[PDB]
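What follows is the content of data_19.cif, which has mmCIF, C-alpha atoms:
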```cif
data_start
#
loop_
_atom_site.label_atom_id
_atom_site.label_comp_id
_atom_site.auth_asym_id
_atom_site.auth_seq_id
_atom_site.Cartn_x
_atom_site.Cartn_y
_atom_site.Cartn_z
CA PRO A 74 -4.96 -22.77 41.89
CA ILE A 75 -8.73 -22.69 41.28
CA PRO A 76 -9.32 -19.14 40.00
CA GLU A 77 -6.47 -19.62 37.52
CA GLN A 78 -7.84 -22.66 35.69
CA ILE A 79 -11.20 -20.94 35.46
CA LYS A 80 -9.68 -17.80 33.96
CA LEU A 81 -7.58 -19.93 31.63
CA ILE A 82 -10.68 -21.80 30.47
CA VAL A 83 -12.53 -18.52 30.04
CA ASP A 84 -9.46 -17.43 28.07
CA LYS A 85 -9.43 -20.63 25.96
CA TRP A 86 -13.03 -20.19 24.82
CA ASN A 87 -12.51 -16.69 23.39
CA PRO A 88 -11.55 -14.70 20.24
CA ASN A 89 -9.18 -12.45 22.20
CA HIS A 90 -6.30 -14.83 21.47
CA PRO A 91 -4.84 -15.40 24.95
CA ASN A 92 -3.83 -18.94 23.95
CA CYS A 93 -7.16 -19.39 22.18
CA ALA A 94 -6.69 -23.18 21.88
CA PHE A 95 -8.60 -22.98 18.59
CA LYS A 96 -5.54 -21.70 16.77
CA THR A 97 -5.24 -23.00 13.23
CA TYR A 98 -3.95 -21.20 10.17
CA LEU A 99 -5.34 -21.58 6.67
CA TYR A 100 -3.37 -20.53 3.61
CA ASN A 101 -5.16 -18.16 1.26
CA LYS A 102 -3.64 -17.92 -2.23
CA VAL A 103 -2.61 -14.43 -3.38
CA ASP A 104 -0.77 -13.70 -6.61
CA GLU A 105 2.32 -11.51 -6.64
CA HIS A 106 3.20 -8.78 -6.28
CA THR A 107 0.65 -8.59 -3.46
CA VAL A 108 2.66 -10.87 -1.16
CA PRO A 109 4.29 -7.83 0.53
CA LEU A 110 0.82 -6.83 1.70
CA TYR A 111 -0.68 -8.93 4.51
CA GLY A 112 0.23 -7.98 7.08
CA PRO A 113 -1.65 -9.39 10.11
CA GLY A 114 -3.54 -7.19 12.58
CA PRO A 115 -4.53 -6.82 16.23
CA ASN A 116 -3.42 -9.92 18.15
CA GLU A 117 -1.05 -11.78 15.82
CA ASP A 118 2.10 -13.30 17.28
CA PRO A 119 4.85 -12.98 14.64
CA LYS A 120 5.92 -16.39 15.98
CA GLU A 121 2.74 -18.07 14.77
CA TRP A 122 2.70 -16.03 11.55
CA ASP B 214 -8.24 1.62 -11.28
CA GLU B 215 -8.73 4.56 -13.64
CA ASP B 216 -11.61 2.70 -15.33
CA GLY B 217 -13.55 3.09 -12.09
CA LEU B 218 -15.64 -0.06 -12.38
CA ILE B 219 -17.60 -1.30 -9.37
CA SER B 220 -19.63 -4.49 -9.55
CA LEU B 221 -22.78 -4.60 -7.46
CA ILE B 222 -24.89 -7.63 -6.65
CA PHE B 223 -28.60 -6.97 -6.28
CA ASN B 224 -31.12 -9.35 -4.72
CA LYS B 225 -33.47 -8.54 -7.60
CA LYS B 226 -34.39 -10.29 -10.87
CA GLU B 227 -32.73 -8.94 -14.01
CA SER B 228 -36.06 -7.92 -15.56
CA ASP B 229 -36.82 -5.80 -12.50
CA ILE B 230 -33.42 -4.09 -12.63
CA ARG B 231 -33.72 -3.28 -16.33
CA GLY B 232 -37.38 -2.33 -16.01
CA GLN B 233 -36.56 0.42 -13.52
CA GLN B 234 -33.02 1.27 -14.54
CA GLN B 235 -33.63 5.07 -14.62
CA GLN B 236 -34.82 4.95 -11.04
CA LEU B 237 -32.00 2.68 -9.90
CA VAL B 238 -29.35 4.91 -11.45
CA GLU B 239 -30.83 8.03 -9.85
CA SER B 240 -30.99 6.34 -6.44
CA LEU B 241 -27.28 5.55 -6.75
CA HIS B 242 -26.71 9.18 -7.73
CA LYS B 243 -28.58 10.23 -4.55
CA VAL B 244 -26.43 7.90 -2.39
CA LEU B 245 -23.41 9.79 -3.77
CA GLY B 246 -24.90 13.14 -2.65
CA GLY B 247 -26.89 13.96 -5.77
CA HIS B 248 -24.68 16.80 -7.04
CA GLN B 249 -24.60 17.62 -10.75
CA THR B 250 -20.83 17.11 -10.78
CA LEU B 251 -21.33 13.31 -10.46
CA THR B 252 -22.95 11.02 -13.01
CA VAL B 253 -23.60 7.30 -12.51
CA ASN B 254 -23.13 5.16 -15.64
CA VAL B 255 -24.14 1.55 -16.13
CA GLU B 256 -21.38 -0.52 -17.76
CA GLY B 257 -23.31 -3.79 -17.79
CA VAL B 258 -26.16 -5.82 -16.31
CA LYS B 259 -25.96 -9.61 -15.96
CA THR B 260 -28.23 -12.22 -14.38
CA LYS B 261 -26.45 -14.41 -11.82
CA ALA B 262 -29.39 -16.37 -10.40
CA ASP B 263 -33.19 -16.31 -10.30
CA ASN B 264 -33.29 -13.34 -7.96
CA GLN B 265 -29.66 -12.13 -8.25
CA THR B 266 -28.37 -9.54 -10.71
CA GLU B 267 -24.92 -8.00 -11.12
CA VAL B 268 -24.80 -4.36 -12.17
CA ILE B 269 -21.44 -2.86 -13.07
CA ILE B 270 -21.17 0.92 -12.72
CA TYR B 271 -18.71 3.77 -12.87
CA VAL B 272 -19.03 7.42 -11.87
CA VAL B 273 -17.89 10.39 -13.92
CA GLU B 274 -16.86 13.47 -11.94
CA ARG B 275 -16.62 16.95 -13.45
CA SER B 276 -14.09 19.56 -12.30
CA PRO B 277 -14.72 23.32 -11.96
CA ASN B 278 -12.85 23.79 -15.27
CA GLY B 279 -15.29 21.56 -17.18
CA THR B 280 -12.91 18.61 -17.36
CA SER B 281 -14.39 15.17 -16.69
CA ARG B 282 -12.86 11.89 -15.53
CA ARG B 283 -13.93 8.65 -13.90
CA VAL B 284 -13.77 8.32 -10.13
CA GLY B 285 -11.08 5.75 -9.38
CA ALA B 286 -12.41 2.32 -8.45
CA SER B 287 -10.66 2.17 -5.07
CA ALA B 288 -11.97 5.62 -4.13
CA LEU B 289 -15.50 4.72 -5.17
CA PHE B 290 -15.39 1.40 -3.36
CA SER B 291 -14.07 3.13 -0.24
CA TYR B 292 -17.11 5.44 -0.29
CA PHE B 293 -19.64 2.64 -0.78
CA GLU B 294 -18.18 0.47 2.05
CA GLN B 295 -18.52 3.21 4.65
CA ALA B 296 -21.10 1.92 7.16
CA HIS B 297 -23.70 4.64 6.51
CA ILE B 298 -23.40 4.33 2.75
CA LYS B 299 -23.42 0.51 2.81
CA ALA B 300 -26.67 0.61 4.76
CA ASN B 301 -28.24 2.92 2.19
CA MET B 302 -27.03 0.61 -0.57
CA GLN B 303 -28.55 -2.40 1.19
CA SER B 304 -31.87 -0.58 1.25
CA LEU B 305 -31.71 -0.52 -2.58
CA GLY B 306 -31.19 -4.29 -2.65
CA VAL B 307 -27.41 -4.33 -2.86
CA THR B 308 -25.99 -7.40 -1.10
CA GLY B 309 -22.41 -7.10 -2.25
CA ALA B 310 -19.83 -5.08 -4.08
CA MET B 311 -16.43 -5.56 -5.71
CA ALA B 312 -13.72 -3.41 -7.36
CA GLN B 313 -11.45 -4.83 -10.13
CA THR B 314 -8.22 -3.17 -9.06
CA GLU B 315 -5.70 -5.69 -7.75
CA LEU B 316 -4.21 -3.90 -4.75
CA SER B 317 -0.47 -3.79 -4.19
CA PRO B 318 1.09 -5.57 -1.21
CA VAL B 319 1.75 -2.20 0.47
CA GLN B 320 -1.88 -1.16 -0.02
CA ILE B 321 -3.05 -4.45 1.44
CA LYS B 322 -0.67 -4.06 4.38
CA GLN B 323 -2.06 -0.57 5.01
CA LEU B 324 -5.65 -1.84 4.98
CA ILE B 325 -4.79 -4.57 7.46
CA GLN B 326 -2.93 -2.14 9.74
CA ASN B 327 -5.87 0.28 9.63
CA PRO B 328 -9.02 -1.78 8.87
CA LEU B 329 -11.29 1.19 9.67
CA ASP C 214 22.24 -6.74 -1.53
CA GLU C 215 19.53 -7.28 1.08
CA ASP C 216 21.60 -5.31 3.62
CA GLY C 217 20.97 -2.23 1.47
CA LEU C 218 24.19 -0.38 2.31
CA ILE C 219 25.20 2.64 0.25
CA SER C 220 28.45 4.46 0.95
CA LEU C 221 28.45 8.20 0.31
CA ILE C 222 31.45 10.49 0.16
CA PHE C 223 30.85 14.02 1.37
CA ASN C 224 33.14 16.99 0.76
CA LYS C 225 32.63 17.97 4.40
CA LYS C 226 34.68 17.51 7.60
CA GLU C 227 33.57 14.71 9.91
CA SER C 228 32.76 17.11 12.75
CA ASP C 229 30.41 19.01 10.46
CA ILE C 230 28.64 15.84 9.36
CA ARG C 231 28.15 14.60 12.92
CA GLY C 232 27.27 18.07 14.19
CA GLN C 233 24.29 18.28 11.83
CA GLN C 234 23.45 14.62 11.41
CA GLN C 235 19.69 15.09 12.06
CA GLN C 236 19.52 17.63 9.27
CA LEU C 237 21.63 15.54 6.89
CA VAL C 238 19.47 12.46 7.43
CA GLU C 239 16.27 14.42 6.84
CA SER C 240 17.66 15.97 3.65
CA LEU C 241 18.39 12.45 2.36
CA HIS C 242 14.84 11.49 3.34
CA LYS C 243 13.57 14.47 1.30
CA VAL C 244 15.65 13.41 -1.74
CA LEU C 245 13.81 10.06 -1.53
CA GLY C 246 10.42 11.83 -1.66
CA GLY C 247 9.91 12.38 2.06
CA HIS C 248 7.14 9.81 2.57
CA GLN C 249 6.64 8.22 5.99
CA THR C 250 7.07 4.77 4.45
CA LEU C 251 10.83 5.42 4.03
CA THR C 252 13.37 5.90 6.80
CA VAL C 253 17.05 6.74 6.28
CA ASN C 254 19.44 5.08 8.76
CA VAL C 255 23.11 5.85 9.29
CA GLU C 256 25.24 2.69 9.48
CA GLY C 257 28.54 4.49 10.01
CA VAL C 258 30.51 7.73 9.63
CA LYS C 259 34.24 7.74 8.89
CA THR C 260 36.76 10.49 8.14
CA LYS C 261 38.68 9.92 4.89
CA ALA C 262 40.58 13.21 4.62
CA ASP C 263 40.60 16.73 6.07
CA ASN C 264 37.45 17.72 4.24
CA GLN C 265 36.18 14.27 3.14
CA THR C 266 33.78 12.06 5.09
CA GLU C 267 32.20 8.72 4.21
CA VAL C 268 28.67 8.13 5.43
CA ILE C 269 27.17 4.68 5.04
CA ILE C 270 23.37 4.52 4.93
CA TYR C 271 20.48 2.17 4.33
CA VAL C 272 16.77 2.82 3.87
CA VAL C 273 13.97 0.91 5.54
CA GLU C 274 10.70 0.72 3.59
CA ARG C 275 7.36 -0.15 5.17
CA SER C 276 4.61 -2.04 3.33
CA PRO C 277 0.84 -1.37 3.60
CA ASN C 278 0.62 -4.43 5.91
CA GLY C 279 3.05 -2.94 8.44
CA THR C 280 5.95 -5.15 7.39
CA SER C 281 9.36 -3.48 7.06
CA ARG C 282 12.49 -4.36 5.10
CA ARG C 283 15.60 -2.68 3.76
CA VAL C 284 15.61 -1.30 0.24
CA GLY C 285 18.04 -3.43 -1.76
CA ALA C 286 21.40 -1.79 -2.36
CA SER C 287 21.22 -2.02 -6.16
CA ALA C 288 17.74 -0.49 -6.19
CA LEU C 289 18.80 2.33 -3.90
CA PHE C 290 21.96 3.00 -5.88
CA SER C 291 19.93 3.03 -9.10
CA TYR C 292 17.71 5.77 -7.63
CA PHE C 293 20.60 7.92 -6.40
CA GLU C 294 22.48 7.75 -9.76
CA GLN C 295 19.54 9.08 -11.75
CA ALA C 296 20.66 12.46 -13.11
CA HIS C 297 18.07 14.55 -11.23
CA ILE C 298 18.70 12.76 -7.96
CA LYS C 299 22.50 12.86 -8.34
CA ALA C 300 22.31 16.62 -8.80
CA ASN C 301 20.26 16.98 -5.62
CA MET C 302 22.78 14.79 -3.80
CA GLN C 303 25.65 16.93 -5.05
CA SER C 304 23.91 19.97 -3.60
CA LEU C 305 24.18 18.28 -0.17
CA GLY C 306 27.93 17.82 -0.65
CA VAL C 307 27.89 14.27 -1.99
CA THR C 308 30.77 13.74 -4.44
CA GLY C 309 30.48 9.99 -4.81
CA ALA C 310 28.57 6.87 -4.00
CA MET C 311 29.11 3.10 -3.93
CA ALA C 312 27.05 -0.08 -3.34
CA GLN C 313 28.65 -3.25 -1.85
CA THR C 314 26.83 -5.79 -3.98
CA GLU C 315 29.16 -7.54 -6.41
CA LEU C 316 27.10 -7.72 -9.58
CA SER C 317 26.85 -10.91 -11.60
CA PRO C 318 28.34 -11.11 -15.09
CA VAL C 319 24.81 -11.08 -16.59
CA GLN C 320 23.90 -7.97 -14.59
CA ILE C 321 27.08 -6.26 -15.74
CA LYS C 322 26.38 -7.27 -19.34
CA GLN C 323 22.89 -5.78 -19.05
CA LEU C 324 24.24 -2.49 -17.69
CA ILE C 325 26.73 -2.24 -20.53
CA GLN C 326 24.07 -3.05 -23.15
CA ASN C 327 21.74 -0.44 -21.65
CA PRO C 328 23.92 2.16 -19.87
CA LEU C 329 20.95 4.52 -19.42
#
```
Could I get this structure in the form of structure tokens?
Amino acid sequence: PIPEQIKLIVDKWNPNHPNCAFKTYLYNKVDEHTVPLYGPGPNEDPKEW
Amino acid sequence: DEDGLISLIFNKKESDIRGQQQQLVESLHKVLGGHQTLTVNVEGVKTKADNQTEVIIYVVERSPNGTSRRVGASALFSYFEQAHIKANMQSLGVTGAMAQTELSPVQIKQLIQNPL
Amino acid sequence: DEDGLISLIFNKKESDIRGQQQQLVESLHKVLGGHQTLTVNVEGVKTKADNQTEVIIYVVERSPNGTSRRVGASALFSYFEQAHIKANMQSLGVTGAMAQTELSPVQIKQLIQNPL
């Protein structure tokens, strides 16, 4: 179980988002009717969104 | 969007911008390709800080039939943000740019889905 | 209303509708403008008489941010009842249309005050 923890730690400290462990969301204000836009991108879990 | 206004921030003092405005406008014309069908116009110049100046421009494009109109702001911004063009702009002292058009949600969604 | 369902009556036999469903769906997509941000879906097909078939559809619209949702039934019905669009629909064999949303009294009052 050694080369798993290592890979998981290498995964934690990373912007690739494999359970980044630095996952916090900040709410940016946007007036309507632009709400329909945004619209995440590459590695966004709809769950988190 | 039809008003075609792009705001540019320059890392230059206002007096320097105004003092060489002819040259600045022609350099922007060159960045656009320098053809006689495009004309850069200055809408306004405003000091923002000791060595920061905002210059608002638009570009008039002429058609083969002699008709003229402003380049849409989104279209002009899209050109200026292209990596090669942005670099040329930075060489003129531009450190930022903004369009006034408030994009629709669908436009924003498209930009996020295809950031390049 | 969010389910976006529009019932269409066609003056065609059910076998003919099903036999050319790909073509029918694309023609409806064309009536809507044909953009790739709109997709016509068939919810159901039911025979009503020898040469009458009901086809229930909805339309999925995609935003610039990649999000999708159904076009509201009232909005879709409003488009299809416009005189130019209705005529195009009639050319496909459509002889009637219905939305399922039960309008509010205030909505009904508005439609009567402004029938156009």
statement: From the list C:291, C:311, C:264, C:274, the nearest residue to chain B using all atoms listed in the file is C:274
Per-residue nearest contacts chain B to chain C, cut-off 9 Å, using all atoms listed in the file, as JSON lines:
```
{"residue": "B:317", "atom": "CA", "partner": "C:277", "partner_atom": "CA", "distance": 8.3}
{"residue": "B:318", "atom": "CA", "partner": "C:277", "partner_atom": "CA", "distance": 6.4}
{"residue": "B:319", "atom": "CA", "partner": "C:277", "partner_atom": "CA", "distance": 3.4}
{"residue": "B:320", "atom": "CA", "partner": "C:277", "partner_atom": "CA", "distance": 4.5}
{"residue": "B:321", "atom": "CA", "partner": "C:277", "partner_atom": "CA", "distance": 5.4}
{"residue": "B:322", "atom": "CA", "partner": "C:278", "partner_atom": "CA", "distance": 2.0}
{"residue": "B:323", "atom": "CA", "partner": "C:277", "partner_atom": "CA", "distance": 3.3}
{"residue": "B:324", "atom": "CA", "partner": "C:277", "partner_atom": "CA", "distance": 6.7}
{"residue": "B:325", "atom": "CA", "partner": "C:278", "partner_atom": "CA", "distance": 5.6}
{"residue": "B:326", "atom": "CA", "partner": "C:278", "partner_atom": "CA", "distance": 5.7}
{"residue": "B:327", "atom": "CA", "partner": "C:278", "partner_atom": "CA", "distance": 8.8}
```
- request: Report as a PyMOL selection string the residues that result from applying the PyMOL selection byres ((chain A) within 9 of (chain B)) to the structure here.
  value: chain A and resi 105-115
Could you fit chain B onto chain C by least squares over every C-alpha atom, paired in order, and give me the moved chain as an mmCIF file with C-alpha atoms, keeping the file's coordinate frame?
```
data_model
loop_
_atom_site.group_PDB
_atom_site.id
_atom_site.type_symbol
_atom_site.label_atom_id
_atom_site.label_comp_id
_atom_site.auth_asym_id
_atom_site.auth_seq_id
_atom_site.Cartn_x
_atom_site.Cartn_y
_atom_site.Cartn_z
ATOM 1 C CA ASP B 214 22.248 -6.736 -1.530
ATOM 2 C CA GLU B 215 19.533 -7.280 1.075
ATOM 3 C CA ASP B 216 21.597 -5.303 3.613
ATOM 4 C CA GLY B 217 20.976 -2.225 1.479
ATOM 5 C CA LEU B 218 24.187 -0.388 2.309
ATOM 6 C CA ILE B 219 25.209 2.637 0.249
ATOM 7 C CA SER B 220 28.449 4.464 0.952
ATOM 8 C CA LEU B 221 28.452 8.191 0.309
ATOM 9 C CA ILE B 222 31.450 10.489 0.157
ATOM 10 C CA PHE B 223 30.847 14.023 1.374
ATOM 11 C CA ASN B 224 33.142 16.991 0.761
ATOM 12 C CA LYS B 225 32.636 17.966 4.403
ATOM 13 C CA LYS B 226 34.681 17.511 7.599
ATOM 14 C CA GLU B 227 33.567 14.707 9.908
ATOM 15 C CA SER B 228 32.761 17.113 12.752
ATOM 16 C CA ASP B 229 30.405 19.016 10.457
ATOM 17 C CA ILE B 230 28.634 15.830 9.354
ATOM 18 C CA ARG B 231 28.151 14.599 12.917
ATOM 19 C CA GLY B 232 27.262 18.064 14.185
ATOM 20 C CA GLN B 233 24.291 18.282 11.827
ATOM 21 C CA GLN B 234 23.450 14.620 11.403
ATOM 22 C CA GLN B 235 19.686 15.095 12.056
ATOM 23 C CA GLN B 236 19.526 17.630 9.264
ATOM 24 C CA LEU B 237 21.624 15.542 6.889
ATOM 25 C CA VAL B 238 19.474 12.462 7.428
ATOM 26 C CA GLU B 239 16.264 14.420 6.841
ATOM 27 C CA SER B 240 17.658 15.966 3.652
ATOM 28 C CA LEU B 241 18.386 12.457 2.368
ATOM 29 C CA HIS B 242 14.841 11.491 3.350
ATOM 30 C CA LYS B 243 13.566 14.472 1.300
ATOM 31 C CA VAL B 244 15.652 13.408 -1.739
ATOM 32 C CA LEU B 245 13.818 10.063 -1.535
ATOM 33 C CA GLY B 246 10.419 11.833 -1.660
ATOM 34 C CA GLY B 247 9.916 12.383 2.056
ATOM 35 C CA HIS B 248 7.145 9.810 2.571
ATOM 36 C CA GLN B 249 6.644 8.228 5.990
ATOM 37 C CA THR B 250 7.068 4.774 4.452
ATOM 38 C CA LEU B 251 10.837 5.412 4.029
ATOM 39 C CA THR B 252 13.374 5.895 6.804
ATOM 40 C CA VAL B 253 17.051 6.742 6.284
ATOM 41 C CA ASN B 254 19.440 5.077 8.758
ATOM 42 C CA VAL B 255 23.101 5.852 9.295
ATOM 43 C CA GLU B 256 25.239 2.697 9.484
ATOM 44 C CA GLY B 257 28.543 4.494 10.003
ATOM 45 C CA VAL B 258 30.504 7.726 9.626
ATOM 46 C CA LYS B 259 34.245 7.736 8.894
ATOM 47 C CA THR B 260 36.762 10.485 8.142
ATOM 48 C CA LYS B 261 38.682 9.920 4.900
ATOM 49 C CA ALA B 262 40.581 13.209 4.620
ATOM 50 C CA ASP B 263 40.601 16.725 6.067
ATOM 51 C CA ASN B 264 37.444 17.721 4.237
ATOM 52 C CA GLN B 265 36.180 14.267 3.143
ATOM 53 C CA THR B 266 33.781 12.059 5.091
ATOM 54 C CA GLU B 267 32.202 8.717 4.208
ATOM 55 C CA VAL B 268 28.664 8.134 5.435
ATOM 56 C CA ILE B 269 27.169 4.677 5.031
ATOM 57 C CA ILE B 270 23.368 4.520 4.935
ATOM 58 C CA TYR B 271 20.485 2.171 4.330
ATOM 59 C CA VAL B 272 16.771 2.818 3.868
ATOM 60 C CA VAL B 273 13.962 0.907 5.537
ATOM 61 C CA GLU B 274 10.701 0.723 3.588
ATOM 62 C CA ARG B 275 7.358 -0.153 5.172
ATOM 63 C CA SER B 276 4.602 -2.038 3.333
ATOM 64 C CA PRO B 277 0.842 -1.375 3.607
ATOM 65 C CA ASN B 278 0.614 -4.429 5.909
ATOM 66 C CA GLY B 279 3.056 -2.938 8.438
ATOM 67 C CA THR B 280 5.954 -5.148 7.383
ATOM 68 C CA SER B 281 9.357 -3.477 7.067
ATOM 69 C CA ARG B 282 12.490 -4.364 5.106
ATOM 70 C CA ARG B 283 15.602 -2.684 3.768
ATOM 71 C CA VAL B 284 15.604 -1.303 0.241
ATOM 72 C CA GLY B 285 18.037 -3.427 -1.753
ATOM 73 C CA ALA B 286 21.405 -1.788 -2.364
ATOM 74 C CA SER B 287 21.224 -2.022 -6.162
ATOM 75 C CA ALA B 288 17.737 -0.491 -6.187
ATOM 76 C CA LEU B 289 18.804 2.330 -3.895
ATOM 77 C CA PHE B 290 21.954 3.005 -5.879
ATOM 78 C CA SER B 291 19.932 3.034 -9.102
ATOM 79 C CA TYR B 292 17.706 5.764 -7.627
ATOM 80 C CA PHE B 293 20.596 7.918 -6.406
ATOM 81 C CA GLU B 294 22.481 7.755 -9.763
ATOM 82 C CA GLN B 295 19.537 9.078 -11.754
ATOM 83 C CA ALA B 296 20.666 12.469 -13.113
ATOM 84 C CA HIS B 297 18.073 14.549 -11.233
ATOM 85 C CA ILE B 298 18.697 12.760 -7.957
ATOM 86 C CA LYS B 299 22.497 12.854 -8.338
ATOM 87 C CA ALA B 300 22.306 16.613 -8.795
ATOM 88 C CA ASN B 301 20.261 16.981 -5.618
ATOM 89 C CA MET B 302 22.771 14.790 -3.795
ATOM 90 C CA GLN B 303 25.653 16.932 -5.049
ATOM 91 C CA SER B 304 23.912 19.969 -3.605
ATOM 92 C CA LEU B 305 24.177 18.275 -0.176
ATOM 93 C CA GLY B 306 27.926 17.822 -0.653
ATOM 94 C CA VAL B 307 27.896 14.280 -1.989
ATOM 95 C CA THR B 308 30.770 13.733 -4.435
ATOM 96 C CA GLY B 309 30.487 9.990 -4.805
ATOM 97 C CA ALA B 310 28.573 6.864 -4.001
ATOM 98 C CA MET B 311 29.112 3.102 -3.930
ATOM 99 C CA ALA B 312 27.049 -0.072 -3.332
ATOM 100 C CA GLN B 313 28.648 -3.248 -1.849
ATOM 101 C CA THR B 314 26.828 -5.793 -3.980
ATOM 102 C CA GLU B 315 29.168 -7.535 -6.411
ATOM 103 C CA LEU B 316 27.093 -7.711 -9.587
ATOM 104 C CA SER B 317 26.849 -10.908 -11.596
ATOM 105 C CA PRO B 318 28.330 -11.108 -15.096
ATOM 106 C CA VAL B 319 24.814 -11.079 -16.597
ATOM 107 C CA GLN B 320 23.904 -7.970 -14.595
ATOM 108 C CA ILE B 321 27.083 -6.266 -15.742
ATOM 109 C CA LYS B 322 26.388 -7.261 -19.345
ATOM 110 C CA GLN B 323 22.890 -5.782 -19.052
ATOM 111 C CA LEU B 324 24.240 -2.493 -17.688
ATOM 112 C CA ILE B 325 26.727 -2.242 -20.534
ATOM 113 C CA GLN B 326 24.068 -3.055 -23.147
ATOM 114 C CA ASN B 327 21.735 -0.443 -21.649
ATOM 115 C CA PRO B 328 23.925 2.159 -19.867
ATOM 116 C CA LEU B 329 20.951 4.519 -19.419
#
```
message: For the provided coordinates, the residues matched by the PyMOL selection byres ((chain B and resi 305) around 10) should be stated as an NGL selection string.
response: :B and (223-225 or 237 or 240-241 or 244 or 299-304 or 306-308)
Store the residues picked out above in a file with C-alpha atoms, as a PDB file, in the coordinates of the input.
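Writing the result to selection-v4.pdb gives the following:
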```pdb
ATOM      1  CA  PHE B 223     -28.600  -6.970  -6.280  1.00  0.00           C
ATOM      2  CA  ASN B 224     -31.120  -9.350  -4.720  1.00  0.00           C
ATOM      3  CA  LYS B 225     -33.470  -8.540  -7.600  1.00  0.00           C
ATOM      4  CA  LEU B 237     -32.000   2.680  -9.900  1.00  0.00           C
ATOM      5  CA  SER B 240     -30.990   6.340  -6.440  1.00  0.00           C
ATOM      6  CA  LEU B 241     -27.280   5.550  -6.750  1.00  0.00           C
ATOM      7  CA  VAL B 244     -26.430   7.900  -2.390  1.00  0.00           C
ATOM      8  CA  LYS B 299     -23.420   0.510   2.810  1.00  0.00           C
ATOM      9  CA  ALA B 300     -26.670   0.610   4.760  1.00  0.00           C
ATOM     10  CA  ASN B 301     -28.240   2.920   2.190  1.00  0.00           C
ATOM     11  CA  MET B 302     -27.030   0.610  -0.570  1.00  0.00           C
ATOM     12  CA  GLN B 303     -28.550  -2.400   1.190  1.00  0.00           C
ATOM     13  CA  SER B 304     -31.870  -0.580   1.250  1.00  0.00           C
ATOM     14  CA  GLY B 306     -31.190  -4.290  -2.650  1.00  0.00           C
ATOM     15  CA  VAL B 307     -27.410  -4.330  -2.860  1.00  0.00           C
ATOM     16  CA  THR B 308     -25.990  -7.400  -1.100  1.00  0.00           C
TER      17      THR B 308
END
```
task: Name the residues that the PyMOL selection byres ((chain A and resi 94-102) around 12) picks from the file above, as a list in words, using the file's chain letters and numbers.
output: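 On this input, the PyMOL selection byres ((chain A and resi 94-102) around 12) captures residues 81, 82, 83, 84, 85, 86, 87, 88, 89, 90, 91, 92, 93, 103, 104, 105, 107, 108, 111, 117, 118, 121 and 122 of chain A.
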To test the calculation: enclose all listed atoms of range 293-296 of chain C in a box whose edges run along x, y and z, add 8 Å on each side, then state centre and edge lengths in Å to one decimal, as JSON.
```
{"center_x": 21.0, "center_y": 10.1, "center_z": -9.8, "size_x": 18.9, "size_y": 20.7, "size_z": 22.7}
```
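Between CA of residue 281 in chain C and CA of residue 255 in chain C there is a distance of 16.8 Å.
In this structure, CA of residue 254 in chain C sits 8.6 Å away from CA of residue 269 in chain C.
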